[PDB]
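Contents: one structure, followed by commentary.
There are 2 protein chains.
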Amino acid sequence: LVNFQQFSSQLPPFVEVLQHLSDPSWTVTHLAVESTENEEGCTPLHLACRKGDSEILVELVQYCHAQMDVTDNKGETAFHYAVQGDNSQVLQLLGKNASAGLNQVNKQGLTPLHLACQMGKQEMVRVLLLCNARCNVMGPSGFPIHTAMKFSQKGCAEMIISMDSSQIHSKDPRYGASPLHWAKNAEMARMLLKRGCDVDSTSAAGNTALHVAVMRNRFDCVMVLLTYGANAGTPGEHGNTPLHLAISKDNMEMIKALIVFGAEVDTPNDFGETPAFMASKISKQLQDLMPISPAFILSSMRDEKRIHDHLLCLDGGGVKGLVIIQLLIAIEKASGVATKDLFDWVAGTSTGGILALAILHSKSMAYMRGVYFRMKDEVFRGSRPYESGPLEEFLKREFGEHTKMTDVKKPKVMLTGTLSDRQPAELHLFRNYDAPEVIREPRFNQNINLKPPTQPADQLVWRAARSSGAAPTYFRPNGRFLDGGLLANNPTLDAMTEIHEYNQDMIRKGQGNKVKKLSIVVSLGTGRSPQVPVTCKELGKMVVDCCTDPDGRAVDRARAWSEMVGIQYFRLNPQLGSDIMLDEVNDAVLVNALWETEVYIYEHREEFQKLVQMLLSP
Amino acid sequence: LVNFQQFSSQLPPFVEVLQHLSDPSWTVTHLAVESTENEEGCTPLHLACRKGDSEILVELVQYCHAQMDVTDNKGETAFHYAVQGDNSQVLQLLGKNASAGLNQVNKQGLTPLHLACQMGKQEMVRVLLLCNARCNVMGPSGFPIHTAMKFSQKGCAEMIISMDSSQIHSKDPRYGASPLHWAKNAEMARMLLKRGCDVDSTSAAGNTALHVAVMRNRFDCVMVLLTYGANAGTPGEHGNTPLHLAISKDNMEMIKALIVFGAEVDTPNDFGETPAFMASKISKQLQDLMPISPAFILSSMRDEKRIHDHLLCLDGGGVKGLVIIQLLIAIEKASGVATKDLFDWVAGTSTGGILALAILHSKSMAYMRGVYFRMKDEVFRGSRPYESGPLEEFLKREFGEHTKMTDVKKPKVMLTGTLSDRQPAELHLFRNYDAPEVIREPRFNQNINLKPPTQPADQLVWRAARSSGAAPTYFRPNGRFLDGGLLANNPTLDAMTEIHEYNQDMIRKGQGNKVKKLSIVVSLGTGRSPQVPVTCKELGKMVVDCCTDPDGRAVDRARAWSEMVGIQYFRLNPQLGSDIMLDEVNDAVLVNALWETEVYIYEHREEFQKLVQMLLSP
């Protein structure tokens, strides 16, 4: 031991630090940082790159003769010996002339990109990307973008895709694949899908991404894909539609999730195996599960000017609005004639506000199901109250920041809203035809105290959509208006009031070719929770339960009054089996609820034929 | 000084307060208490009665020579030298043989009764009355009870009336008065009126009790009397209704008070002087305030079994129910046709619940105004929450502890109420016909959810009145039910739904004798607050304002739907000038609000006449 330290000092001419060099063979130029070599397989420039010493690096290559592209006996190069540390500037001083180690890579064939992907060193990835690191360098498991996702390093993958858009193209060399396909995590599916990613990019064999999520039993990504437009029923490798691949499991959640989003149940694979056959083989659960779906010439209906008048009444509600979407869809398909072109009047309160306002602008219905599924995650991030940046601006984008209300008027539409500007707390109908000016009874004005009122006539679609759609027991103070759920929450009863008011405005004006009788009124409710006894804040919040309950008397009133006039009130909503609350964002229970709704449509399925019958008659 | 104390010691043979007893001439037999006389107007036996020395009293007449019936130098007797003290047993020891002093009376005429009544020695009044004190002895101000009341001694008057109910009969000899008339104090009017005191008591001239209260300008007692049933407009002395007696003053508070409680303005006195004439003579306030300035053959109408059907819908509300009473009364008087006999159907929610239930049992409307004025002080003694002992027990009294609901069916009636037994929080109508057997669609049960709760058949008037009328934001948990203000709170919509439901049950049952189209529905609301702007717990309570709004859209809805059917909805209620709250007990503000209502009736002389016109039409 004495001779070792004698040589150590006799080098030191060329304390507990460097003593730990014993606890082992450095050299003068090697340990001079704490083009020579080591007995463990190292290099001095590599250690001065690793330890984040940048001026010592300036003093090792610019001052001394030490070539930069040094490859040790362990595979590594000078570039990716620094990304194990935290320098990020050594990379900049090494990205110079006569230094080609960027594509020189053999740990196991893992380019500096891939190593920075394995660890999580994102800033290192950016530093490499500004220096043209050639993400078109095929690796062991695939290209560098796939390496970021094999390990689920979020920041690194995000930086890669931000610098290079083209990386949404690259295919996994083993199986021709998208970045999504062989890379699955609930959040990552979204953080790539929001980027404009095609989900139907297929495969080597032909397997979709949701095929991969289903085969591995990750319900999360099945949902993330169906929401963002993935199409169930894709044949794939063996003609096994994603439905076959779920029945091969015991995941009823996923089977119902796919059946809701449109998968057929008789479609056979390449071998002829129908998925209902699969079901009856596996369990009796699934065979009982799958009985989901004739003069169908659609006799005498279009969007034209003739006798009667159809009304649609979309209640407010939570994210539960999806229920009515489903209902609408099964009506829309049971007549085939595109809900918007089916009804002459359409009214909505809160989520039905958003939805009615949408089906005015010629937005399709499954598309809207997707929209809510994509929005529930952005909007309901909060404790109880939400600052509405997400909801307001999501509507800005979804309907247009400059699109004003009365630009469309294809069917007449009305969104509710509680004008909380006044202690009276009146109701404002957001309307897009003109206005009903009738009769001559201003009950609060025309006497003194007070006339600073506003009522902004008819503009700014997104602004009205927010002023309607926020059930404010949840959101916040929201400008001048709160939900029309504070007063109406179920326009069914109130929209007929507006019908007759506007008709008397028309007639009084001598117009006289008013569209006559509301021949049909159809009110869709976002489901009913089940009936719990209460043998008793649960004694101070029942005020709000009553104030916004749409499925109590506001059915009986409207119905008996429709029977007074000749209307055939048609109230549609399913008994769910759960207290699905308004701001529910676990889409597992939301999908279960959509299945609940479709079971309701199945169980009735007669009322629907009779309603379509009425809706298309002469 | 030496001689005075010499006589004091020579008396001490005939212990430190005797010098200050000297300083003015007592004697041996005189000061032997602290049959001689005095130089200040006194007597020894009188002092042995005054000082409450009973054993000295036994030792002054039985042992010593002291006649009992000694009259002092200022008129007073031995009896009412003791009621200046507080013995009350010496009186009985003097209520013995050779003692006729009960009617021994001369201060200026002050019976033992009158002295004990003027001072307040109530126990003395009782002791004398138990000893046959012969109250038919005119004193200075009338009889002894009137002497008790000229000085407003409650204990004494109450004791007199306890011994003799007959003393609420006796008239002031000078003018002839119930104990009311020549005896005025706000509280005593009540503690005498609650005893069964008749207001129909006349005067010498013929003056009512409120005549004395008004001419003397004691607004307190005017209110206390109009409250307990006094009838303004009694002609009285000169044909001067108590209204004439206010206009000669400048007390507008009282003028409004009398016109509200029914005083006319066409009523001439003996001289032909209309009271509005008095006004225009007196002031320009009063000239503008009062004056009013003919098919009255009652053509072809009663309440029998014929074509159409009338409905009445009395909103809920606070103690403000008086408003609708006022309206009803001013409607009733404009037709003369006795509300119960005028409408075939009647619905009520909270105060209108009690009120409709009252007009069902043929309890008159002025009577209900009185009832509320007498009850409001009893029920609302609490800060926010009230334990309902007063309300529940007041209904027990006012409607009968054993009177069951369906004893009447005179007009069909329905009271609202929120059945809080269930998390759905349904609505139950307390009904008295039988029940409407719905189209057989019970959509909330039949998925066997629960059958341990019960839907309690038609019984128990007072219990239902409470289960409806108890606003639980104010009162308490109230059994299974809360206010009908959480629900309908303006039954008009729900009452018409129920009308039609019952009519279709009738027709469905093969009856074929439908009563009819309800040709008229009249909705009377407990006033409107004035319109307050809001530029902002006032955002957690505005939820409740919305939930219980009876004058917002539930007017427009009902109205436009009646225009669908042919009904001529009649919404009647006044713009108050104030936010009169629920548990308001200052009857001054309630009276101002009734004046607001009567001004509303003034301006609406067209609507009311048209409503009565239809109410009696073919």
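Protein sequences, first through last, are from chains B and A.
Those letters in the first sequence? Residues 81 to 94, 104 to 112, 118 to 128, 146 to 404, 409 to 651, 671 to 752, per the authors' numbering, in order.
Those letters in the second sequence? Residues 81 to 94, 104 to 112, 118 to 128, 146 to 404, 409 to 651, 671 to 752, per the authors' numbering, in order.
Just so it is clear, CB atoms sit at the ideal spot from N, CA and C, and this is done for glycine as well.
Contact set for residue i: own chain, Cβ-Cβ below 6 Å, skip 5 residues either direction
i: residue 507/B; result: 581
i: residue 366/A; result: 357
i: residue 692/A; result: 607, 608, 703
i: residue 164/B; result: none
i: residue 429/B; result: 439, 463, 467, 470, 471, 639
i: residue 315/B; result: 286, 287
Top-ranked residue by Cα proximity to residue i, from the options
i: residue 403/A; options: 182/A, 699/A, 338/A, 375/A; result: 375/A
i: residue 361/B; options: 368/B, 394/B, 199/B; result: 394/B
i: residue 291/A; options: 274/A, 311/A, 273/A; result: 311/A
i: residue 236/B; options: 263/B, 251/B, 270/B, 308/B; result: 270/B
i: residue 304/B; options: 596/B, 739/B, 333/B, 501/B; result: 333/B
i: residue 248/A; options: 285/A, 578/A, 128/A; result: 285/A
i: residue 594/A; options: 613/A, 253/A, 604/A, 571/A; result: 571/A
i: residue 684/A; options: 676/A, 281/A, 641/A; result: 641/A
Minimum Cβ-Cβ distance from residue i to chain A less than 9 Å
i: residue 460/B; result: no
i: residue 733/B; result: no
i: residue 650/B; result: yes
i: residue 550/B; result: no
i: residue 679/B; result: yes
i: residue 321/B; result: no
i: residue 676/B; result: yes
i: residue 578/B; result: no
Which residues DSSP lists as bridging residue i, in chain order
i: residue 462/A; result: 428/A, 529/A
i: residue 635/A; result: 425/A
i: residue 250/A; result: 253/A
i: residue 648/A; result: 537/B
i: residue 742/A; result: In the DSSP output, where bridge partners are listed per residue, residue 742/A has none listed.
i: residue 643/A; result: 709/A
i: residue 542/B; result: 533/B
Residues near residue i in its chain [Cβ-Cβ closer than 7 Å; skip 5 each side]
i: residue 306/B; result: 272, 279
i: residue 602/A; result: 531, 533, 542
i: residue 176/A; result: 146
i: residue 161/A; result: 192, 193, 195, 196
Close-in-space but distant-in-sequence residues of the same chain around residue i (CB under 8 Å, 5 per side omitted)
i: residue 489/A; result: 338, 339
i: residue 179/B; result: 156, 172, 189, 205, 207, 209, 210, 212
i: residue 502/A; result: 591
i: residue 363/A; result: 396, 397, 400
i: residue 732/B; result: 370, 371, 403, 441, 445
Cutoff 9 Å: residue i Cβ touching any chain B Cβ
i: residue 442/A; result: no
i: residue 621/A; result: no
i: residue 533/A; result: yes
i: residue 588/A; result: yes
i: residue 644/A; result: yes
i: residue 702/A; result: no
i: residue 636/A; result: no
i: residue 694/A; result: yes
i: residue 430/A; result: no
i: residue 559/A; result: yes
i: residue 476/A; result: no
i: residue 683/A; result: yes
Which whole runs of the alpha helix (DSSP H) in the stretch 183 to 223 of chain B are 4 residues long or more, in chain order? 201 to 205
Please give me, in chain order, every unbroken run of the beta strand (DSSP E) with length at least 3 that falls completely inside the stretch 686 to 733 of chain A. 704 to 706
Would you mind listing the alpha helix (DSSP H) stretches within the stretch 556 to 601 of chain B that are 4+ residues and don't spill past its ends, in chain order? 576 to 584
Entirely within the stretch 438 to 505 of chain A and at least 4 residues each: give me those alpha helix (DSSP H) ranges in chain order. 454 to 457, 466 to 475, 480 to 494
Length-filtered (4 minimum) alpha helix (DSSP H) runs lying within the stretch 353 to 392 of chain B: 353 to 358, 363 to 371
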